[PDB]
Amino acid sequence: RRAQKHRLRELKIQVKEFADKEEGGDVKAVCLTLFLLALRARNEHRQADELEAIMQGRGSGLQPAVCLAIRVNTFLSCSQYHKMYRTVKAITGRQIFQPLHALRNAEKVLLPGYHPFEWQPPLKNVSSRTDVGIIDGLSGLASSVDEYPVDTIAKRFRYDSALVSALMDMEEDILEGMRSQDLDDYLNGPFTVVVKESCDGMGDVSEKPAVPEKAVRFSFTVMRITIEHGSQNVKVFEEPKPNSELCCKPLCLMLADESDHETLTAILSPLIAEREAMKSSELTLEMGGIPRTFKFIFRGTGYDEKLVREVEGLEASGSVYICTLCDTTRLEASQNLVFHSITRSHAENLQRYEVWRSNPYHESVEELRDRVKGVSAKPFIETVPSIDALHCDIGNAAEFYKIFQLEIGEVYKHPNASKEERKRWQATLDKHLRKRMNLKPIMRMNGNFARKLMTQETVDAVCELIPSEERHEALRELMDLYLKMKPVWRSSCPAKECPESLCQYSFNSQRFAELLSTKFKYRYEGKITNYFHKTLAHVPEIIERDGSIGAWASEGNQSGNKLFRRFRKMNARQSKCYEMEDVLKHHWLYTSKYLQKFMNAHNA
Amino acid sequence: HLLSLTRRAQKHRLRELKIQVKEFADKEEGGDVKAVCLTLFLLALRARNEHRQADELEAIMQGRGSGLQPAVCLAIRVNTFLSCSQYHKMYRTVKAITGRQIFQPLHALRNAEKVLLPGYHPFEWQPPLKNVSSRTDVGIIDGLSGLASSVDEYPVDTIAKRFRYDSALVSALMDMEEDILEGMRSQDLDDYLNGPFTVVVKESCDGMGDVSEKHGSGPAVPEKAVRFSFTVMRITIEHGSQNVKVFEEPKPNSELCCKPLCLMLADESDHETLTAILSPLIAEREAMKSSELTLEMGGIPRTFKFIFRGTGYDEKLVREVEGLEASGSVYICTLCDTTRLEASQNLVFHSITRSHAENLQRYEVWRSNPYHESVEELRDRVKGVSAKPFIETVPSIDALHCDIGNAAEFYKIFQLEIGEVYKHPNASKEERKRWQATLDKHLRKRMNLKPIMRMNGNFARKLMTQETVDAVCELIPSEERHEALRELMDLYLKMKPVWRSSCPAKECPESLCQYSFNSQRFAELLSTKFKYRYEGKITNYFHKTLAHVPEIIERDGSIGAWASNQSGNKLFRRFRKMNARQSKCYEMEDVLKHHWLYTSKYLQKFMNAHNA
Ligand SMILES: [Ca+2]
Ligand SMILES: [Ca+2]
Ligand SMILES: [Ca+2]
Ligand SMILES: [Zn+2]
Ligand SMILES: [Zn+2]
């Protein structure tokens, strides 16, 4: 101590006077900087980084929101976190992870049912309380033996108290958006939220077999928050990647089929009641001090073709009537390929069901169905007509994979070989393509199978299998017209990212239509599949209507399905009446934005 | 301030002070700039009397601060079933938020893993260990031991991975280093001492039931797997004259201390592939019975000898691996030559007269047929040996089968005496169902217990109480029956705690003696007052309980310490599903590496150091 100072005291007084004579007498700063530069020089920056942290005076422990970010974004249990916490605290003495109770006390801020809020005018048929979280999803549907039997389980939040917490976990993101867009921070204009709604059945959830059980989630997302300052509208907040895995928030879930129509209406009726309530109101709610006012715009878009065909009240997908957007039969599509419009709203379908029920013109079913254009049920969900982006691409992939298997067998020379040539054609196709591209033969086509197979190189491989020569022209021209056509709907913002193909798309599409109708009319002379109608005829109207096609798709809901199985398999109380509380709660906590701001700390 | 400046800027500022301190460092100390910078900066902080930063920086430069030495975070990763990438998520998040590298990165964690697996330490064998390779660093080798998968050969579709026996034995000896040093400190020997230590090692192989991960669709297939494992049970040493116990393993039939040696996805009853994969391990175990290990734990060379005991085989598998008849044999006990008739007759006096050498001799007698007898006189010439024995086993019992056999005799004794069948010897089966139904309703009405068909542990324990026989005894008249059943129940509760002791030399030495007395009294009363229970049927459990208990107690020293339900299958599924690769050839490598690394004593020390 004193003696070891006395060993090197000559340097001590030397460096001391050196620090007084030039650096003034700030001995501590120049000596610590000397130790930093002398310890970094031997490449041991770990000690220097922690020593800079201990001189800066930063705490060793963690805030409970960081601990909750760790416990949710890593899928630990609530019993293994206790293991990690107790032995970290025991080994390094000072605690770094918080205990479980201060974690759950910091959980209740981020769920629905914590904040005060009020509507103006108050909502009809909706309760006025502010502090309800997870309710039973059956909505008091009575289960006595005298009535209709039910056995499903469902949980949900309210709709308004979900939107309140979903707005106040992104308070920082709209405040920084107002700062970066040259607006005054103390503003309380009528903000408009744009909410994209999505619902998709995700069956085969069960774990054991011979009894498959299914499930249905109903979810939403925020997509654009916009204030009207002065005389213009500005995008205060915009979504980075809309159809992402972790930016759609769960709102209701149930264990039922997508086709059990009575149960599905019994659960999704109160949510549509609340949604139709909050379309003529203003939510006043504090956003950093002063209260602000929100007004919502709902677009229900993230439905696949079967769900959008069922709840909007149409005939099923194998109909004579194909388009959910227009009213033309499939025998009318193959003649006029691209000149259609969009004329299937929701209220039009509701009055057409009223026409079907009343039968006011006194005519039989064969012309009444033609008069109402195949509407034969009461539609009960307000949805906008659109096309998807995922299932469209997978459908086009399987369709010209089938045309590859057709063109191997040379049907243009002689038709109608029986169903024994075709299995050989399939075998030679996937054997050849596995030989060249190493693509394993898969029954259920995915999107990655599309991303590999939709390639000019594989076209050249099947060209090396198909005998003739002009078929290479009639196949390669088709494939590069399709590859030119794809990124106008695959893109998330094709108004600015690919504004070349988007302007050349009409010419590029009608040329494709002509090449399908001339050199391929041995398949498309009568029938045509649904997705070649949507991709060809409508998308230069959906672009000018909305913008993207890829942003308004169910890829988030389709990507979230593993989180159901994982959360249920590792984090649940195993009682089937609490078991859907916990899956919903964890899937709420996962896709918060206040927690993903911590797991991107290293990016900052 | 000078604090907030860039390191290039700070370099340009104090370049001359750096020149002066480095020139003093090589004009006085000879260029040890870090130590003199430590002294000057530490004293420049210490002069302001802020000792807290001095203690914290001392703990840093020692390394005892908030550091988490990589074995600790390896223990965290492997004992809470984290993956690899999710650990990387946790590490980069806590490092970016806190600023200091508190969790260690991946590659340092892998380098701290390689020390604990086999294939790190050098060693040698003082006799050079015939038919065993002499290299020191083989890890996981293919468990089939170079079999023939050729199509012209025998068909084989199993997957096996294993370590070598001597390599895994070296690693399991080197993993318990500090525990053996603290062992000889606690008995007050030197902390440096050459050998030889005698290492008593338990041997065990048993099945694992199912492992199928078939999500749903349809029941894909069974897929039964089985492992081969061992346990460093105790370690002794002598100092000239007297042995002394430097290590004793406290929880013997645990799950944390059963180190895996071989894993195969083969059925237990498939005999050929089982003995195919087990034969190299038996070759190495017969190799190391006559050698010496040189091992360099405390900086000095020490010598190790070994003793192997195979007590960890279940009773269905000791009758297969030693060559007895499988299940329906008249020869029931796996220690003596007693037929089922004499085991029904001579209840108490028996002695253990089976081994491995005379079993091999009896198999050769069955093969050679040296007396030209018929098949039946051959069968009672060799006392049940039909197959060729190939694993030296030392079989034993465990307490659950003992008191389950006692309860399954006592339940039928109660049903028989409750209806006075000793005077009415010819009953019909529905009358036995009637007696059973009266006993079931009366026991649920008096003791409030739901009876059941299959007999398990807690039901067999709580049925054998004094209040149970004194509650059922009022349903039978003729109080001679009451006092006789009272005497028999008192005899049973006297005979209970000897195999409920785990060390009966220290628990109950009074009841350890006169076990022959109470056992002969049990036989004399069960054949004297109950001279109607002889239906020619006696289980093997009741025989081993009544006859072969004191020979086992003098043999090993315990009863339920050298034996063995569902504890491994959950661990196998947890390691195969969460943290493993695919491809069926790396999959077994990863599950064997994790099942080795989970069961160390080093990592368990760091894990349950919270309640020290
Ligand atoms: Ca679907
Ligand atoms: Ca789906
Ligand atoms: Ca077993
Ligand atoms: Zn249309
Ligand atoms: Zn016996």
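Don't worry about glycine lacking a Cβ; one is built from the backbone with ideal geometry, like all the others, and counts go over all protein chains shown. Every read-out reported here was derived from the displayed coordinates using simple, explicitly stated rules and does not represent laboratory data.
The GluC sites (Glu not before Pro) of region A:267-364 that DSSP puts in a loop, and whose beta carbon has at most 12 other beta carbons within 10 Å, are A:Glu363.
Reported to the nearest whole Å, the Cα centre-to-centre distance from region B:1-71 to region A:524-574 is 60. Projection of the Cα convex hull of region A:294-388, averaged over all directions and equal to a quarter of that hull's surface, yields 7.5 nm². The alpha-carbon atoms of region B:179-283 define a convex hull whose volume equals 142 cubic angstrom per residue. Seen from B:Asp380, the other residues with C-beta closer than 10 Å to its C-beta sum to a net charge of -1, counting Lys and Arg as +1 and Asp and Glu as -1.
Using θ = phi - 60° in the Karplus curve 6.51 cos²θ - 1.76 cosθ + 1.60, the 3J(HN,Hα) couplings for region B:202-217 round to 6, 10, 7, 9, 7, x, 9, x, 10, 8, 3, 10, 3, 3, x, 6 Hz; x is entered for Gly and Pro.
Of the two radii for region B:91-205, the radius of gyration is 1.12 times the Kirkwood radius, both from the alpha carbons; that is the Rg over Rh value. In order along region A:241-246, phi translates into HN-Hα couplings of 9, x, 8, 9, 5, 10 Hz, rounded to whole numbers, per the Karplus curve 6.51 cos²θ - 1.76 cosθ + 1.60 with θ = phi - 60° and x for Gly and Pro. For region B:299-451, the square roots a ≥ b ≥ c of the C-alpha gyration tensor eigenvalues yield an a/c of 1.5 or more together with a/b not exceeding b/c, which makes the shape oblate. Given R0 = 25 Å, the distance between the Cβ atoms of B:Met455 and B:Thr339 translates into a calculated FRET efficiency of 0.45. Hey, with R₀ at 51 Å, roughly what FRET efficiency would B:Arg573 and A:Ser317 work out to, going by the Cβ-Cβ distance, to 0.05? About 0.80, to the nearest 0.05. Restricting attention to the protein assembly as shown, close to 80% of DSSP beta bridges with both partner residues there are antiparallel.
Sparse packing (at most 11 other Cβ atoms within 10 Å of the Cβ) combined with a DSSP loop state is found for the following trypsin sites (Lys or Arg not before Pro) in region B:91-148: B:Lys130, B:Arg135. Fewest-first ordering of A:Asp546, A:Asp131, A:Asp327 by other beta carbons within 10 Å of each residue's beta carbon gives A:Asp131, A:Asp546, A:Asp327. Here is the list for region A:342-402: chymotrypsin sites (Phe, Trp or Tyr not before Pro) lying in DSSP coil, each with at most 14 other C-beta atoms within 10 angstrom of its C-beta, are A:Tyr361.
Judged by the ratio a/c of the largest to the smallest principal axis of the C-alpha gyration tensor, region A:354-416 counts as oblate, that ratio being 1.5 or greater while a/b is no larger than b/c. Per the Debye calculation on chain B with a single equal scatterer at every Cα and no solvent contribution, log₁₀ I(q)/I(0) for q = 0.11 Å⁻¹ amounts to -1.24. Across region A:370-385, coupling constants 3J(HN,Hα) worked out from phi with the 6.51/-1.76/1.60 Karplus curve, θ = phi - 60°, read 6, 6, 9, 6, x, 7, 9, 9, 8, x, 10, 10, 5, 10, 8, x Hz, and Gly and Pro carry x. Which whole-angstrom value gives the distance between the alpha carbon centres of region A:76-118 and region B:191-262? Computed from Cα coordinates, the inter-centre distance equals 37 Å.
When the Cα positions of A:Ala333, A:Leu246, A:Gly93 are compared along the charge dipole of chain A, A:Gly93 comes out farthest toward the positive end, with charges on each C-beta of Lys, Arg, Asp and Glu. Kindly provide the helix-only [θ] at 222 nm of chain A, computed as the sum of -39,500 (n - 2.57) over DSSP H runs of four or more divided by all residues, to the nearest 500 deg cm²/dmol? Estimated from H runs of four or more residues: -13500 deg cm²/dmol.
Each residue, B:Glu325 and B:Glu182, gets one label point 7 Å from its Cα in the Cβ direction; the gap between the two is 5.4 nm. Scaled to the globular estimate 2.2 N^0.38 Å, the Cα spread of the protein assembly as shown, given as radius of gyration, is 1.23.
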